Amino acid sequence: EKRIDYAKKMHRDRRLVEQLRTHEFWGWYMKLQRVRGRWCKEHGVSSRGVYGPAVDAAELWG
Amino acid sequence: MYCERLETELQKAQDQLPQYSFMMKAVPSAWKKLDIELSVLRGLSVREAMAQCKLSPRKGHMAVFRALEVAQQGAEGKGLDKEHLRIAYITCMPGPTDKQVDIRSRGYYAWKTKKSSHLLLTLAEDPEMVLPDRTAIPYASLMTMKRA
Amino acid sequence: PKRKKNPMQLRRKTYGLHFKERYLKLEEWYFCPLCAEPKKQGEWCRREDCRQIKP
Amino acid sequence: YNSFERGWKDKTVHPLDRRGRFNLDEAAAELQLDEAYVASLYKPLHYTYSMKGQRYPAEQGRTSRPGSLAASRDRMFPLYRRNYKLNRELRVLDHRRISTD
Amino acid sequence: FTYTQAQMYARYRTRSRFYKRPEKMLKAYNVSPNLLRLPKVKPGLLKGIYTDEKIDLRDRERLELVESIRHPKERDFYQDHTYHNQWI
Amino acid sequence: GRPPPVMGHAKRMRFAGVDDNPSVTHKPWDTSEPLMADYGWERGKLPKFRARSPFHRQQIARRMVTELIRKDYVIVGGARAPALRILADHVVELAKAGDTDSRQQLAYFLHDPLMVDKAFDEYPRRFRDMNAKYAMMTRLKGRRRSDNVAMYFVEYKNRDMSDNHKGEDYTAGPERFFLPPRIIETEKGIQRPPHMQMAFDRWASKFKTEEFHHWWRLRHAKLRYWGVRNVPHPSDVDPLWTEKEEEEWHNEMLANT
Ligand SMILES: [Zn+2]
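Residues numbered from 1 in each chain as written, not as in the entry; some residues may be left out. Chains lettered and ligands numbered in written order. Part of a larger assembly, values for the part shown. Heavy atoms only, no water.

Per the deposition metadata, cryo-EM was the technique used to determine this entry, at a resolution of 3.6 Å.

Enquirer: Residue-level account of the coordination of the zinc ion, with values.
Expert: Think of it this way: four donors in a tetrahedron around the metal ideally sit 109.5 degrees apart, and six in an octahedron ideally sit 90 or 180 degrees apart. Residue and element names in this part refer to chain C. Taken together, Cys35 (SG), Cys45 (SG) and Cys50 (SG) make up the protein donors of the zinc ion, found 1.8 to 2.1 Å from the metal. Mapped onto the sequence, the donors of the zinc ion take the spacing C-x9-C-x4-C. Linking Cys35 in the loop between β1 (30-31) and β2 (38-39) with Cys50 in helix α3 (residues 48-52), this pair joins segments that are 15 residues apart in sequence. (Donors = N, O, S within 2.8 Å, 3.2 Å for Na, K, Ca; no water. Helix = DSSP H or I, 4+ residues; strand = E, 2+ residues; numbered from the N terminus.)

Enquirer: Mind laying out the sheet that holds strand β1 (residues 19-27) of chain B, listing which residues take part and the relevant values?
Expert: Neighbouring strands of a sheet are bound in pairs by backbone hydrogen bonds; such pairs are parallel or else antiparallel. Pairing within the open sheet is mixed, and its 4 strands lie in the order β2(B)-β3(B)-β1(B)-β1(E). Every interior strand has two partners, whereas the edge strands, β2 (85-97) of chain B together with β1 (53-56) of chain E, have only one. Across this sheet, the average inter-strand angle for adjacent strands is 15°, counted without regard to direction. When β1 of chain B meets strand β3 (residues 115-125) of chain B, the two strands line up antiparallel, connected through 8 bridges. (Pairing = 2+ DSSP bridges. Axes fitted to C-alpha atoms, helices over the stretch in contact; angles between N-to-C directions.)

Enquirer: If you had to explain the sheet that holds strand β3 (residues 151-156) of chain F to someone new, which residues and values would you point to?
Expert: Residue and element names in this part refer to chain F. Here we have 3 strands laid out as an open sheet, ordered β1-β3-β2, and antiparallel in their pairing. Looking along the sheet, the strands with just one partner apiece sit at the ends: β1 (73-77) and β2 (135-139). With direction set aside, neighbouring strand axes in the sheet form an average angle of 25°. The pairing of β1 with β3 spans 5 bridges and is classified as antiparallel. Across the sheet, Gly77 pairs through a bridge with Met151, a residue of β3.

Enquirer: Could you give me a rundown of the side chain of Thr209 of chain F, with the residues and numbers involved?
Expert: Mapping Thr209 of chain F onto the fold places it in the loop between α6 (194-203) and α7 (211-225). For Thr209 of chain F, the side chain forms a polar contact with the main-chain oxygen of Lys206 of chain F, separated by 2.3 Å. (Polar contact = N/O pair within 3.5 Å; in protein donor to acceptor, adjacent residues only side chain to side chain.)

Enquirer: Give me the interface of chain E and chain B: which residues, what numbers.
Expert: Frequently, the measure chosen for interface size is the accessible area that the parts lose on association. Tallying the contact residues gives 30 residues for chain E and 39 residues for chain B. For the chain E and chain B pair, buried surface summed over both sides reaches about 3,300 Å², with 61% attributable to carbon and sulfur atoms. Taken as a group, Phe18, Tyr50 and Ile69 of chain E account for 19% of the area that chain E buries against chain B, more than any other trio of residues on that side. Across the contact surface, chain E and chain B share 2 salt bridges. Taken together, chain E and chain B are joined by 12 residue pairs in polar contact. (Contact = heavy atoms within 4.5 Å. Buried area = accessible area lost by both parts, 1.4 Å probe. Salt bridge = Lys/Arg side-chain N within 4 Å of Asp/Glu carboxyl O.)

Enquirer: Tell me about the packing of aromatic side chains, residues and numbers included.
Expert: In total, this model carries 31 aromatic pairs over all chains according to the counting rule given. Relative to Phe1 of chain E, the ring of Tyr15 of chain C lies with its centre 5.3 Å away and its plane at 75°, an arrangement referred to as edge-to-face. With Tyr15 of chain C in the loop between α1 (7-12) and α2 (17-22) and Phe1 of chain E in the segment before β1, this residue pair bridges two chains. Measuring from centroid to centroid gives 5.8 Å for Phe212 of chain F and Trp216 of chain F, while their planes differ by 20°, and the two rings are stacked. (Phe/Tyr/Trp six-rings, centres within 6.5 Å; stacked < 30°, edge-to-face > 60°.)

The following block contains the structure:
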């Protein structure tokens with residue numbers, strides 16, 4: 001009953017920090033898509049193929 | 001006084017030659033393998049031998065090429081030419097062979113012997129050897145280029 | 001193997017065009033004008049000049 | 001393998017797990033979990049607590065060689081020294097907790 | 001072999017020799033029989049094996065050169081220990 | 001005669017014509033399909049390089065594509081190269097199309113999401129005018145030391161029209177593998193897209209610690225337990241990245257200062 005409390009404690013906080021790594025990786029990844037979101041407007045790279053948006057506006061495949 | 005006259009004469013009768021003998025030992029390869037990859041080199045200019053070696057991915061050609069950069073590095077000290085130098089005799093010499101225990105299946109053992117050889121190399125000097133120009137793609141210079 | 005082989009048996013091994021073409025053939029080469037190193041044709045270096053225009 | 005010649009190198013060390021750089025003790029301070037303990041979670045439990053484990057022999061460090069001084073297993077691998085305070089505090093039963101008389 | 005359509009004698013010191021290597025003549029009572037007649041000139045000069053450099057790859061100098069040669073696939077084990085307890 | 005001379009099924013060979021004949025079986029003899037798991041020596045199949053399983057081969061098709069996109073060159077070996085260049089002409093056939101069908105049909109295929117975030121931005125700009133053969137398969141000369149597998153250098157075509165690899169140099173690999181690649185001095189005045197070079201050092205950040213410098217020290221013990229010739233002892237493997245190599249880079253981020 002001390003090495004049960006020991007095991008349940010090494011797992012209880014292996015997620016508590018796994019609840020930071022992935023929790024904060026996402027929080028940071030959205031900085032990336034934001035800084036990519038800002039940069040991809042001034043440089044105008046629509047990131048949607050070789051065509052202009054006139055192929056998008058049809059809302060077909062093309 | 002008689003054997004001091006030999007050991008000075010035989011020495012002076014050997015260094016005044018246009019040869020350079022150089023032995024690399026414990027070239028870590030058996031004799032069957034290492035040696036058959038020498039008989040391609042026996043009788044080649046060192047500028048060619050140092051070429052045919054650096055290309056082939058074999059081990060025998062990389063061991064001798066280790067010499068043909070050290071031997072000629074020592075040959076040029078003896079006065080021997082760097083260019084006109086040949087490979088007179090490049091022979092393999094059976095050498096030390098360890099004995100390693102091997103453990104075959106079903107309680108049988110058979111001693112693997114990690115083999116090693118010795119490499120005897122005699123760079124000689126050919127006086128009139130014309131080093132052929134090697135700067136044209138082997139023979140793409142023709143039969144692939146159109147006539148005229 | 002129900003017999004050991006004399007050299008004339010081991011020596012036939014070295015006549016077919018399988019031994020010769022595998023071991024005893026010199027490779028055709030030339031000097032890479034950019035690297036000054038010996039080289040075979042159809043092969044190049046990991047280097048901008050050697051990689052843009054094939055030496 | 002961007003090597004062109006594989007080896008004990010140019011074997012791309014982590015071609016996954018791109019979320020590197022974890023500041024454990026810094027993150028362990030947010031969780032209030034005994035910074036010395038949290039870092040132990042992230043290495044094989046052999047290395048920190050008094051557990052049966054398998055060590056590589058080079059890891060053990062060699063005697064004083066003619067080429068190199070005696071390289072103890074610690075001074076080359078500091079963060080692998082077992083912490084026997086952290087073991088005892090967690091894993092073994094103290095005389096105190098069962099003292100009855 | 002070799003032979004460029006030319007009868008070079010053969011393969012030199014290679015094909016035949018590698019068949020039955022000569023047994024090594026042992027010394028009786030550590031004696032060398034004809035020692036008291038042959039000169040003392042170093043044997044590098046007697047039969048003719050006179051080599052300017054006998055480079056020796058069994059050396060701690062050339063350990064880097066040996067490890068330069070052997071194939072990466074030529075794994076060698078027991079680098080940091082030995083199976084037999086050396087402390088006996 | 002009236003039935004085909006060789007009935008429904010028989011494997012001809014490598015190097016054999018289609019010899020079309022009336023048959024029930026289906027043969028493509030064409031491979032215009034993008035990012036396809038059709039590995040084989042036939043015509044409608046890209047060359048099946050060797051691997052443990054058509055799954056594990058697909059796993060090799062992932063980490064060798066996501067590493068060609070990540071850094072525009074991958075020194076790939078043997079029958080992977082003719083099998084990769086057709087996957088570099090497909091990624092651009094996936095990056096050009098653009099529709100959110102494709103951007104996933106590559107998202108399913110790449111181990112990492114930032115790549116599918118890159119491939120769709122640079123490649124429409126880069127290859128807007130090239131319509132095929134996007135990967136250049138230049139063969140390196142020295143066959144691998146570990147086996148006689150050949151080594152081709154598959155690189156994407158024009159990078160002077162790129163945005164991420166504008167003027168980089170690939171004559172030699174990065175010194176420590178977490179260090180950004182040497183740049184052509186004639187165009188030293190280039191800055192990068194931030195989302196590319198701010199997520200890189202996010203990744204390269206884990207090797208600049210000491211826990212990896214312990215995993216580096218340690219690994220050299222494994223390779224000796226597994227005895228690998230020419231592996232320095234973990235006692236003289238002084239770190240890759242260090243404090244002296246810290247001072248330059250924090251002062252090389254003068255942009256955010
Ligand atoms: Zn070159």
